[PDB]
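Following: one structure in structure tokens, then a few remarks.
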4 protein chains.
Amino acid sequence: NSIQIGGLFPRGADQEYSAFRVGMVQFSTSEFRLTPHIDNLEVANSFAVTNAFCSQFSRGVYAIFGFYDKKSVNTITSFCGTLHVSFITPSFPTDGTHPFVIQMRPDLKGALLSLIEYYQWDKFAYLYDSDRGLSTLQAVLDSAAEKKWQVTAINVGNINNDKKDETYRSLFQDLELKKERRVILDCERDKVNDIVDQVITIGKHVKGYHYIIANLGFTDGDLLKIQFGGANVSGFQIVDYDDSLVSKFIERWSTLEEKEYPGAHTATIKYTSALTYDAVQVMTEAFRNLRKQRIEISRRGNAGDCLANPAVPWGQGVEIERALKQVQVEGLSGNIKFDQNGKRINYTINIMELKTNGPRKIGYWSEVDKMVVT
Amino acid sequence: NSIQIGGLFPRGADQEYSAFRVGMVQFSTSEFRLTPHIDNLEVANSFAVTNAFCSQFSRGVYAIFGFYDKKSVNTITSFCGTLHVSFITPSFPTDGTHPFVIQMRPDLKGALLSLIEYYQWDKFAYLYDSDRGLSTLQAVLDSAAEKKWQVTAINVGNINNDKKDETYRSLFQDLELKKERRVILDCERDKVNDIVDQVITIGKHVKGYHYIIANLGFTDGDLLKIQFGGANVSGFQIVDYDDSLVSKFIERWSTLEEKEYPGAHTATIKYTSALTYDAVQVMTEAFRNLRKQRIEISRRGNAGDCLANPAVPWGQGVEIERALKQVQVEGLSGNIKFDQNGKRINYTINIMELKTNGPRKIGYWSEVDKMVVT
Amino acid sequence: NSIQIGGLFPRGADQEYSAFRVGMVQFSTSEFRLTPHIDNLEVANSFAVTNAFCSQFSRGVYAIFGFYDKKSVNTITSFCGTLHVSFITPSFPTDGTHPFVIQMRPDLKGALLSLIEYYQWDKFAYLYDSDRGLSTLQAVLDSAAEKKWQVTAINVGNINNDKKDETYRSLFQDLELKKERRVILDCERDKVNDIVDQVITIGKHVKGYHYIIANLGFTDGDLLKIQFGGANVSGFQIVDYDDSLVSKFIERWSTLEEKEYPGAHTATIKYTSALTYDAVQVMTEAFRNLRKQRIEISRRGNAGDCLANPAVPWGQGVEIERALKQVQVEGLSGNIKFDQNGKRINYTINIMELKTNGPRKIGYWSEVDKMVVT
Amino acid sequence: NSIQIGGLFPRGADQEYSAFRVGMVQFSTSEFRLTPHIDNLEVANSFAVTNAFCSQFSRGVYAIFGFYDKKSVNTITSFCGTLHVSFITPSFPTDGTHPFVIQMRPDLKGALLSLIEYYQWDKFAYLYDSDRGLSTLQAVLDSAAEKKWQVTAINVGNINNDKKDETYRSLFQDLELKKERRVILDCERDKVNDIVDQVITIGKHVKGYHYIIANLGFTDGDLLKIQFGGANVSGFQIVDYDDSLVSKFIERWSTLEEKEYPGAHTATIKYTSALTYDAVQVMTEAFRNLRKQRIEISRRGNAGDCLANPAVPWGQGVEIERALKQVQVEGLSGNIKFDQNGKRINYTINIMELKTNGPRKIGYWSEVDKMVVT
Ligand SMILES: *[C@@H]1O[C@H](CO)[C@@H](O[C@@H]2O[C@H](CO)[C@@H](O[C@@H]3O[C@H](CO)[C@@H](O)[C@H](O)[C@@H]3O)[C@H](O)[C@H]2NC(C)=O)[C@H](O)[C@H]1NC(C)=O
Ligand SMILES: *[C@@H]1O[C@H](CO)[C@@H](O[C@@H]2O[C@H](CO)[C@@H](O[C@@H]3O[C@H](CO)[C@@H](O)[C@H](O)[C@@H]3O)[C@H](O)[C@H]2NC(C)=O)[C@H](O)[C@H]1NC(C)=O
Ligand SMILES: *[C@@H]1O[C@H](CO)[C@@H](O[C@@H]2O[C@H](CO)[C@@H](O)[C@H](O)[C@H]2NC(C)=O)[C@H](O)[C@H]1NC(C)=O
Ligand SMILES: *[C@@H]1O[C@H](CO)[C@@H](O[C@@H]2O[C@H](CO)[C@@H](O)[C@H](O)[C@H]2NC(C)=O)[C@H](O)[C@H]1NC(C)=O
Ligand SMILES: *[C@@H]1O[C@H](CO)[C@@H](O)[C@H](O)[C@H]1NC(C)=O
């Protein structure tokens with residue numbers, strides 16, 4: 001009744017760690033407690049990721065929570081699938097079916113295509129970033145080929161910031177050659193903030209221009225900066241701030257202090273932090289299910305090292321995976337239900353549009369049902 | 001005075017190993033000799049790749065030669081950068097800059113864009129495969145954005161060996177429906193062979209079609225099947241069989257036997273194995289230059305541990321990298337010279353066409369000079 | 001009882017011999033058994049054919065089964081007519097009336113002419129091989145002279161196999177220069193396979209061309225390579241694979257231990273082998289009927305030599321011939337009925353084309369009724 | 001000393017036999033006198049032909065002379081090739097190379113094609129019979145395909161004489177309405193005589209009709225019937241009546257009597273008879289050369305039975321073949337010389353076109369040069 005888990009967090013991650021500890025203290029069952037081993041590192045460094053994973057495996061950790069990017073996803077997936085260690089992450093889902101990886105970030109390709117069809121778009125620009133994967137870009141290109149679209153895929157992830165002014169000015173001047181008024185911003189948070197800021201400077205945020213933020217976090221950024229101007233702005237939001245549970249959680253979250261809980265005294269929580277909260281919840285739920293199933297998973301610092309030749313797995317790993325992937329709970333992100341691969345199934349995505357008054361949801365998207373209008 | 005190096009090879013790259021051994025015996029001794037440690041492994045498995053790298057590092061190898069895949073390149077780059085151990089490879093160049101990696105494959109984006117400009121194409125399909133990366137697809141996407149092209153990018157990678165015929169057939173009927181005669185194949189040898197077989201079966205290799213084989217191995221595939229069809233078949237070739245060095249090497253190499261040297265009894269040699277030969281030459285020349293400079297590189301003791309904390313790299317790694325990047329030799333691929341990032345500069349790619357009498361070179365593409373017609 | 005027969009199988013006809021053995025072991029009963037003398041020989045050698053015929057006559061056989069070509073048909077027919085010994089064959093029917101020769105192959109000239117009239121052709125080519133024969137070419141030339149057609153007869157039997165690629169390529173180039181779109185392939189299985197391979201290689205199987213495989217073995221050749229090209233490919237088939245008897249035959253034929261029965265472990269049976277099986281059936285039926293007629297068919301070793309001077313035949317062979325020509329049974333080729341001259345009558349030939357979903361029987365041809373469309 | 005030879009003659013070749021005996025008595029030398037054993041049989045009967053051949057072979061005969069038909073050429077050539085026995089014939093050349101056979105009849109396809117080219121023919125009818133093979137038919141069809149001729153080939157051998165009136169009228173009316181004014185008669189002497197008799201009866205010999213008789217016996221048939229008909233008639237001839245040797249032979253032939261020399265009391269002889277005479281001459285010359293070369297091909301005992309398994313070859317037969325294939329003597333049919341295969345070369349064919357004063361040689365044809373006009 002003393003489960004030791006592992007935690008990998010980026011060097012500079014505060015809100016996600018705060019949500020992690022909030023969930024841990026919220027779901028601290030009197031039957032058992034989860035003791036985490038938190039490692040802060042540069043996730044982009046595959047060597048550092050491997051070092052942390054190997055140290056946690058040597059320490060005897062049953063389940064590992066962490067993050068990965070395009071430069072550190074393959075190593076994590078391979079190590080987990082070989083050593084039979086369950087990995088729970090809020091990061092982007094891997095392209096394919098990688099075992100022993102629990103992916104709680106819902107896919108956005110289907111919702112993005114459904115929203116594009118709803119908006120009746122034929123020609124548009126697609127500004128993407130290579131720091132998260134090109135699966136969305138490939139899906140957009142395939143849909144464009146199928147439905148006879150004219151998509152201009154432009155990468156904005158390979159430019160610095162000192163020459164950003166001139167580079168993006170040239171990019172937008174080239175975009176105005178075709179009179180492009182509809183663009184999609186499939187970029188990270190800092191990248192999309194740069195896009196919106198430089199759009200404001202260049203003066204292309206006037207009416208007629210349509211912008212789509214291709215991420216689950218729409219209300220986290222400076223929506224007020226481009227709120228005025230009359231330009232269409234649309235996006236997605238996994239979290240429903242109007243839900244009773246979300247409001248109850250956010251009240252306590254705002255009442256928490258900032259010293260011991262960095263990035264907490266605010267009325268907006270990042271979707272990564274929300275997914276970390278549901279990750280804590282699902283970990284506790286799976287371990288309660290394992291305890292109630294009367295299954296012995298006794299393990300300690302005796303499994304061995306990381307680079308054992310041959311690397312023999314342990315039989316409890318497949319049972320831990322079955323327990324993790326066979327739960328159905330509800331959190332900030334909504335209904336949670338994974339498949340045999342480790343991806344959510346019956347999730348719901350709330351679509352919001354930005355107006356002068358403020359952000360406002362226009363409908364919801366699901367798997368069985370396409371975009372719905374209220 | 002023996003120098004120990006490492007070797008990573010995929011399970012199936014027999015011709016590459018044969019070319020490695022041929023280069024080893026050719027450049028056997030001038031003032032010393034090399035001692036490679038070969039470790040055949042699944043190159044796409046990041047865990048196995050890490051295990052091989054760590055075993056070779058513990059063995060105390062001065063340099064490492066091996067391949068990598070799109071899902072195993074980050075591990076090599078990170079480990080080599082953090083351990084100051086060079087990695088000479090004939091695989092696809094990395095998307096960016098990475099120290100301690102000596103990439104031997106010349107870039108193809110510039111030559112492909114120059115060939116498209118020379119052919120004056122406005123609506124060309126792009127059948128890409130997710131093995132060597134999507135960097136060329138991205139580059140052609142920005143080029144299309146900046147040159148007003150109609151690119152129909154289609155992924156032909158995520159298909160199994162059970163509906164290949166149906167998938168390729170339906171793809172080509174779709175291409176006929178939008179009436180698209182210009183197609184670019186950015187796939188490897190086996191994939192382009194499958195595509196060529198399918199297009200022959202459906203009967204679209206007749207006059208009125210144009211295909212570009214976007215790989216350095218234009219003649220490595222079986223072009224005799226589409227030689228008499230009547231459609232343009234362009235491509236790029238890195239080895240010139242009419243060159244003195246290549247002709248002498250082929251005369252020495254075709255007389256061998258397929259028992260001790262698998263895949264070494266043919267008049268043609270794959271560009272990957274050619275780059276293996278030139279990589280053996282480059283390593284030999286670099287170590288010869290190091291010996292001539294009288295720099296002490298021998299270890300003072302054991303190499304250490306792969307996952308040691310902190311990862312301390314030896315002071316001779318920078319010297320090894322500089323010596324490897326400072327060599328300028330002539331090989332099968334042509335002039336060999338590396339810049340500060342480990343890429344290849346001052347190279348030449350011969351553009352060739354498949355006429356009814358055989359593949360005939362029509363010109364060459366350099367970095368300082370664009371496509372030249374001869 | 002024990003009745004001995006002869007066998008003139010060629011050197012290389014493994015499937016026909018396997019079908020012969022299967023027919024023997026299936027139609028053999030306790031009433032009597034058949035003892036064959038199988039001699040493998042170069043059937044184009046009239047000397048060897050005469051030697052084998054003389055030896056089998058010297059044994060004292062009652063009927064002879066085997067094959068012949070255009071270079072050995074006259075000697076076989078003359079020997080059988082002079083010696084009053086019957087000869088059942090699946091080879092091409094003789095161009096005339098010949099007694100004591102039972103021919104299991106139905107005529108194709110009438111069906112071919114009816115199909116040409118149905119397709120309403122005016123200017124078409126006719127690729128013939130002198131090795132198979134020229135009776136069909138003579139018939140089509142006479143019809144063209146009587147119906148104002150433009151037939152371009154081409155011989156393809158004189159091409160040596162050492163360089164039989166440029167010959168076909170130049171031939172089809174000449175056909176293109178003559179604007180020839182419709183071609184009739186009247187050749188053997190190997191020759192038609194080579195012609196189809198060359199056609200696909202030169203890209204002459206696309207929509208706009210028409211091909212008629214003028215032989216009863218439409219599906220025996222590898223038709224899948226040209227199925228998806230898009231050009232019309234018609235032909236004739238004598239064996240109906242959807243019939244109950246044929247399906248029951250294949251149910252056993254596909255599981256016949258190919259090592260023990262060469263050319264049997266397949267779902268496709270050559271029309272020649274099917275005719276051999278039906279010939280075994282008809283000879284067994286004829287001998288059973290002769291035994292059930294209370295006729296003395298006792299013959300001892302009094303045959304002597306085949307070149308007796310004068311050559312006095314044995315009168316017991318005319319009853320054998322009458323019984324053989326008085327057989328009305330069903331089989332793989334369909335209804336079997338022989339006229340006074342031994343040529344097959346009351347037969348149906350299935351006319352099929354090659355579609356994307358496989359060959360389909362669109363109708364049947366008969367002597368009494370012209371081509372019928374379904 | 002003497003050499004036994006064999007003679008195969010059809011039932012009715014009385015003048016052929018008379019010419020053979022005239023040649024024998026004229027070329028009888030005191031050094032050795034041959035003793036031919038003449039056999040009379042239906043040459044179309046393959047069984048009789050091979051029985052006579054085997055009787056000769058058992059007799060111990062070194063060289064065989066005789067005729068063969070379309071239905072016996074194959075067996076004759078096969079037996080001669082297998083038993084290494086030389087065969088000398090005046091019949092049609094074999095449709096292809098065949099060892100141990102001497103063809104004394106010069107080819108006609110080249111001369112006929114040259115005459116057609118010189119006569120500026122682009123549309124005609126090729127009336128042929130299947131008696132001398134289809135080599136000429138194949139040659140004219142290939143030449144028509146090459147030179148864009150609209151030739152209509154009609155077979156007349158299969159049509160029964162009783163019913164060959166209504167069909168004759170129908171086909172001639174078809175030719176008249178289609179302006180098929182030019183015809184070619186590649187038929188035997190009797191068939192062409194019947195054809196010209198029918199033409200005279202029907203009155204289709206009006207000005208414009210250009211009949212070509214494709215045989216060497218132009219003057220053999222009745223040409224005075226169409227001498228004053230006003231219709232062009234062109235033929236070929238191998239024996240020149242103006243030569244001194246031919247004139248002396250025809251005088252010594254006409255001075256003979258019809259009692260002991262049937263059909264020898266006229267001034268008109270057949271080209272086949274002339275070829276028989278030249279065959280006797282070449283046989284005598286070859287035997288004289290063999291005797292002079294001090295080569296004894298004498299056999300101690302009987303050759304045995306032809307049906308012996310295995311066969312019984314002998315190198316003296318090969319030496320005899322080499323002796324025959326290296327003879328260059330003149331004769332009634334002109335110069336005689338054989339190539340390596342056995343065909344006759346170094347020959348000239350005299351072309352005559354019928355006029356009101358009778359046949360007159362309008363030129364000659366050879367192989368070292370095209371057709372020549374005098
Ligand atoms: C392959 O087979 C198809 C059969 O579906 C051929 O289609 C044929 O196309 C011709 C076009 O000239 C049709 O002839 C036309 O018939 C109509 C109605 O009788 C008439 O009004 C036109 O003037 C013309 O004569 C023909 O009917 C049609 N076949 C059938 C069965 O309907 C196609 O041509 C074939 N491919 C080749 C290369 O021959
Ligand atoms: C029958 O024999 C007579 C006797 O020569 C032929 O008369 C002449 O034949 C020549 C060719 O042998 C003809 O020359 C041709 O003339 C045409 C123009 O009409 C020209 O285009 C050709 O290139 C060629 O030079 C010639 O006209 C013809 N008549 C005369 C008066 O000289 C005759 O052609 C033969 N055939 C028939 C069916 O009569
Ligand atoms: C921005 O949003 C507005 C309203 O939400 C859109 O306005 C209408 O959109 C419908 C949907 O296709 C069109 O049929 C109408 O013609 C639009 N009317 C007007 C006055 O715009 C608008 O299309 C959206 N996009 C842009 C670029 O403005
Ligand atoms: C295949 O090659 C031929 C000839 O190299 C191309 O034909 C040329 O097409 C261009 C179109 O840009 C015309 O301007 C030229 O006149 C054509 N002929 C020549 C000799 O250049 C053809 O376009 C190529 N592609 C295909 C699909 O056929
Ligand atoms: C032809 O064969 C069929 C099937 O065996 C039979 O029904 C039909 O009566 C036969 N025709 C004649 C004329 O006997």
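Ligands are numbered from 1 in the order shown, residues from 1 within each chain, and chains are lettered A, B, ... in the order they appear in the structure tokens.
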Practice prompt. Pick out the residues no farther than 7 Å from ligand 1, counting only C-alpha atoms and all ligand atoms, and list them as a list in words.
Written response: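 Residues lying within 7 Å of ligand 1: residues 181, 182, 207, 208, 209, 210, 231 and 232 of chain C.
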Write out, as a PDB file, in the first residue's frame, the residues just selected, with N, CA, C and O atoms.
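Below you can see result-v1.pdb, which holds the result:
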ATOM      1  N   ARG C 181      -5.087  -1.386 -84.004  1.00  0.00           N
ATOM      2  CA  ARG C 181      -5.558  -1.382 -82.627  1.00  0.00           C
ATOM      3  C   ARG C 181      -6.076  -2.728 -82.154  1.00  0.00           C
ATOM      4  O   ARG C 181      -6.021  -3.008 -80.956  1.00  0.00           O
ATOM      5  N   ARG C 182      -6.565  -3.567 -83.060  1.00  0.00           N
ATOM      6  CA  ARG C 182      -7.160  -4.851 -82.715  1.00  0.00           C
ATOM      7  C   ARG C 182      -6.241  -5.965 -83.195  1.00  0.00           C
ATOM      8  O   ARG C 182      -5.890  -6.019 -84.379  1.00  0.00           O
ATOM      9  N   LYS C 207      -6.302   1.342 -72.251  1.00  0.00           N
ATOM     10  CA  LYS C 207      -7.584   1.460 -72.931  1.00  0.00           C
ATOM     11  C   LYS C 207      -7.397   1.967 -74.355  1.00  0.00           C
ATOM     12  O   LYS C 207      -6.614   2.886 -74.609  1.00  0.00           O
ATOM     13  N   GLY C 208      -8.121   1.355 -75.287  1.00  0.00           N
ATOM     14  CA  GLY C 208      -8.013   1.670 -76.699  1.00  0.00           C
ATOM     15  C   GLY C 208      -7.538   0.524 -77.564  1.00  0.00           C
ATOM     16  O   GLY C 208      -7.669   0.603 -78.794  1.00  0.00           O
ATOM     17  N   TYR C 209      -6.990  -0.538 -76.983  1.00  0.00           N
ATOM     18  CA  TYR C 209      -6.540  -1.703 -77.726  1.00  0.00           C
ATOM     19  C   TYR C 209      -7.464  -2.880 -77.445  1.00  0.00           C
ATOM     20  O   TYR C 209      -8.107  -2.957 -76.394  1.00  0.00           O
ATOM     21  N   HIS C 210      -7.525  -3.803 -78.400  1.00  0.00           N
ATOM     22  CA  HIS C 210      -8.328  -5.010 -78.272  1.00  0.00           C
ATOM     23  C   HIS C 210      -7.471  -6.226 -78.583  1.00  0.00           C
ATOM     24  O   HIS C 210      -6.698  -6.222 -79.545  1.00  0.00           O
ATOM     25  N   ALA C 231      -7.413  -2.565 -71.384  1.00  0.00           N
ATOM     26  CA  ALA C 231      -7.689  -2.911 -72.769  1.00  0.00           C
ATOM     27  C   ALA C 231      -8.571  -4.150 -72.840  1.00  0.00           C
ATOM     28  O   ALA C 231      -8.530  -5.013 -71.961  1.00  0.00           O
ATOM     29  N   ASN C 232      -9.379  -4.222 -73.896  1.00  0.00           N
ATOM     30  CA  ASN C 232     -10.220  -5.391 -74.112  1.00  0.00           C
ATOM     31  C   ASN C 232      -9.357  -6.629 -74.311  1.00  0.00           C
ATOM     32  O   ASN C 232      -8.400  -6.614 -75.090  1.00  0.00           O
TER      33      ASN C 232
END
Worksheet item: Residues at most 12 Å from segment 261-269 of chain D, counting only C-alpha atoms, excluding those fewer than 2 positions away in the same chain, as a PyMOL selection string?
Response: chain D and resi 12-22+216-222+237-241+246-259+271-277+332-333
Just N, CA and C atoms for this one: save the residues we selected as a compact mmCIF listing (two decimals), in the first residue's frame.
# COMPACT_ATOMS: atom_id res chain seq x y z
N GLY D 12 2.11 -42.76 -111.82
CA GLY D 12 1.74 -41.94 -112.96
C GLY D 12 2.90 -41.10 -113.47
N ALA D 13 4.04 -41.19 -112.79
CA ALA D 13 5.23 -40.43 -113.18
C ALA D 13 6.02 -41.22 -114.23
N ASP D 14 5.30 -41.60 -115.30
CA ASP D 14 5.91 -42.38 -116.36
C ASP D 14 7.01 -41.60 -117.07
N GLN D 15 6.75 -40.34 -117.41
CA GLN D 15 7.78 -39.55 -118.07
C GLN D 15 8.92 -39.21 -117.12
N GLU D 16 8.62 -39.05 -115.82
CA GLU D 16 9.68 -38.84 -114.84
C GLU D 16 10.62 -40.04 -114.80
N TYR D 17 10.04 -41.25 -114.78
CA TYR D 17 10.85 -42.46 -114.78
C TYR D 17 11.63 -42.60 -116.08
N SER D 18 11.00 -42.24 -117.21
CA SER D 18 11.70 -42.29 -118.49
C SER D 18 12.88 -41.34 -118.51
N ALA D 19 12.71 -40.12 -117.99
CA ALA D 19 13.81 -39.18 -117.91
C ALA D 19 14.90 -39.68 -116.98
N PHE D 20 14.51 -40.32 -115.88
CA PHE D 20 15.50 -40.90 -114.97
C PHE D 20 16.34 -41.95 -115.67
N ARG D 21 15.70 -42.84 -116.43
CA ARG D 21 16.44 -43.89 -117.12
C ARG D 21 17.27 -43.33 -118.27
N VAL D 22 16.77 -42.28 -118.94
CA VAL D 22 17.56 -41.62 -119.97
C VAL D 22 18.82 -41.02 -119.38
N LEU D 216 7.36 -23.24 -112.21
CA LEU D 216 8.44 -23.21 -113.18
C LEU D 216 8.05 -23.77 -114.54
N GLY D 217 6.94 -24.50 -114.62
CA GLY D 217 6.50 -25.07 -115.88
C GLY D 217 5.54 -24.18 -116.63
N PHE D 218 6.00 -23.00 -117.04
CA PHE D 218 5.14 -22.07 -117.76
C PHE D 218 4.71 -22.64 -119.11
N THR D 219 5.67 -23.15 -119.88
CA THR D 219 5.37 -23.70 -121.20
C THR D 219 4.84 -25.13 -121.14
N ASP D 220 4.84 -25.76 -119.96
CA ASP D 220 4.35 -27.13 -119.85
C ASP D 220 2.86 -27.21 -120.15
N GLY D 221 2.08 -26.25 -119.64
CA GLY D 221 0.64 -26.26 -119.82
C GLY D 221 0.22 -25.74 -121.17
N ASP D 222 -1.09 -25.65 -121.35
CA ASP D 222 -1.68 -25.17 -122.60
C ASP D 222 -1.79 -23.65 -122.53
N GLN D 237 10.29 -19.93 -115.73
CA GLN D 237 10.85 -21.15 -116.31
C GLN D 237 12.28 -21.31 -115.83
N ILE D 238 12.68 -22.56 -115.60
CA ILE D 238 14.02 -22.85 -115.11
C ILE D 238 14.93 -23.42 -116.19
N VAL D 239 14.38 -23.97 -117.27
CA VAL D 239 15.16 -24.57 -118.35
C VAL D 239 15.04 -23.68 -119.58
N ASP D 240 16.19 -23.32 -120.15
CA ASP D 240 16.25 -22.43 -121.30
C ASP D 240 16.40 -23.26 -122.57
N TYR D 241 15.39 -23.20 -123.44
CA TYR D 241 15.38 -24.02 -124.65
C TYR D 241 16.40 -23.57 -125.68
N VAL D 246 20.52 -27.95 -123.70
CA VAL D 246 19.08 -28.19 -123.68
C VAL D 246 18.58 -28.59 -125.06
N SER D 247 19.08 -27.94 -126.11
CA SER D 247 18.65 -28.28 -127.46
C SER D 247 19.07 -29.69 -127.84
N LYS D 248 20.30 -30.08 -127.51
CA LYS D 248 20.75 -31.43 -127.79
C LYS D 248 19.92 -32.45 -127.01
N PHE D 249 19.64 -32.16 -125.74
CA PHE D 249 18.82 -33.06 -124.94
C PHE D 249 17.42 -33.20 -125.52
N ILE D 250 16.80 -32.08 -125.93
CA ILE D 250 15.43 -32.17 -126.43
C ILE D 250 15.40 -32.87 -127.78
N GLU D 251 16.45 -32.73 -128.59
CA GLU D 251 16.51 -33.47 -129.84
C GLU D 251 16.63 -34.97 -129.58
N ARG D 252 17.57 -35.37 -128.72
CA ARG D 252 17.73 -36.78 -128.40
C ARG D 252 16.51 -37.34 -127.69
N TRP D 253 15.75 -36.48 -127.01
CA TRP D 253 14.51 -36.90 -126.36
C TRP D 253 13.40 -37.10 -127.38
N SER D 254 13.28 -36.19 -128.35
CA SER D 254 12.21 -36.26 -129.33
C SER D 254 12.44 -37.37 -130.34
N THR D 255 13.70 -37.73 -130.60
CA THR D 255 13.95 -38.84 -131.52
C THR D 255 13.55 -40.19 -130.94
N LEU D 256 13.23 -40.25 -129.65
CA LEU D 256 12.89 -41.50 -128.98
C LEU D 256 11.46 -41.92 -129.35
N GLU D 257 10.98 -42.99 -128.72
CA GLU D 257 9.68 -43.57 -129.01
C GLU D 257 8.82 -43.59 -127.75
N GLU D 258 7.51 -43.59 -127.95
CA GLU D 258 6.56 -43.61 -126.85
C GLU D 258 6.26 -45.01 -126.33
N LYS D 259 6.84 -46.05 -126.93
CA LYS D 259 6.57 -47.41 -126.48
C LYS D 259 7.37 -47.75 -125.23
N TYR D 271 9.78 -29.17 -116.09
CA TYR D 271 10.90 -28.77 -115.25
C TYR D 271 11.23 -29.85 -114.22
N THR D 272 10.22 -30.60 -113.77
CA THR D 272 10.49 -31.70 -112.85
C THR D 272 11.31 -32.80 -113.54
N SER D 273 11.01 -33.09 -114.81
CA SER D 273 11.81 -34.05 -115.55
C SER D 273 13.24 -33.55 -115.75
N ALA D 274 13.39 -32.26 -116.05
CA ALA D 274 14.72 -31.68 -116.18
C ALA D 274 15.49 -31.78 -114.87
N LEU D 275 14.80 -31.54 -113.75
CA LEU D 275 15.43 -31.66 -112.44
C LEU D 275 15.80 -33.11 -112.13
N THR D 276 14.99 -34.07 -112.57
CA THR D 276 15.36 -35.48 -112.41
C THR D 276 16.63 -35.81 -113.20
N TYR D 277 16.72 -35.31 -114.43
CA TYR D 277 17.92 -35.51 -115.23
C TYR D 277 19.14 -34.91 -114.54
N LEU D 332 20.26 -28.78 -117.58
CA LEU D 332 19.13 -28.23 -118.32
C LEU D 332 18.48 -27.09 -117.56
N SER D 333 18.32 -27.24 -116.25
CA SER D 333 17.75 -26.19 -115.41
C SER D 333 18.71 -25.04 -115.15
Fill in: Near-residue 9 of chain A list (7 Å; only C-alpha atoms; drop same-chain fewer than 6 positions) as a PyMOL selection string
chain A and resi 39-41+66-67
Discussion item. Please identify all residues of chain C having at least one atom at most 7 Å from any atom of chain D, considering only C-alpha atoms, and return them as a ChimeraX atom specification.
Written reply: /C:45-47,51,71,74-75,78-79,141-142,145,152-154,307
Discussion item. As a ChimeraX atom specification, please: every residue in segment 287-371 of chain C that a backbone DSSP assignment puts in strand (DSSP E).
Written reply: /C:328-331,334-337,349-355,358-365
Practice prompt. Could you pull out the residues sitting within 12 Å of ligand 2, using only C-alpha atoms and all ligand atoms, and write them as a PyMOL selection string?
Written response: chain D and resi 115-124+179-183+205-212+229-234+352-356+362+373
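Matched residue by residue, the Cα atoms of chain B sit on those of chain D with an RMSD of 0.9 Å after a least-squares fit.
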Discussion item. What residues of the protein or nucleic acid chains come within 7 Å of ligand 5 when you use only C-alpha atoms and all ligand atoms? Reply as a ChimeraX atom specification.
Written reply: /C:330,335,346-347
For the residues in the current selection, export C-alpha atoms as a PDB file, in the first residue's frame.
ATOM      1  CA  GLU C 330     -20.089 -35.510 -70.321  1.00  0.00           C
ATOM      2  CA  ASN C 335     -20.761 -32.730 -73.871  1.00  0.00           C
ATOM      3  CA  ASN C 346     -22.595 -30.762 -80.290  1.00  0.00           C
ATOM      4  CA  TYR C 347     -20.031 -28.803 -78.275  1.00  0.00           C
TER       5      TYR C 347
END
Item to complete: Please report, as a VMD selection string, each residue of segment 18-189 of chain D to which DSSP assigns helix (DSSP H, G or I) when run on this structure's backbone.
Response: chain D and resid 18 to 27 46 to 59 73 to 83 109 to 118 135 to 147 166 to 177 189
Discussion item. Nearest residue to ligand 4 out of B:26, B:313, B:204, B:87, using only C-alpha atoms and all ligand atoms?
Written reply: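 For ligand 4, the nearest of the given residues is B:204.
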Practice prompt. Considering only C-alpha atoms, return as a VMD selection string whatever protein or nucleic-acid residues lie within 9 Å of residue 157 of chain C, sequence-local ones (same chain, fewer than 3 positions apart) excluded.
Written response: chain C and resid 128 to 132 160 187 191
Practice prompt. Can you work out the spacing between atom CA of residue 93 of chain A and atom CA of residue 215 of chain A in Å, to one decimal?
Written response: 13.1 Å
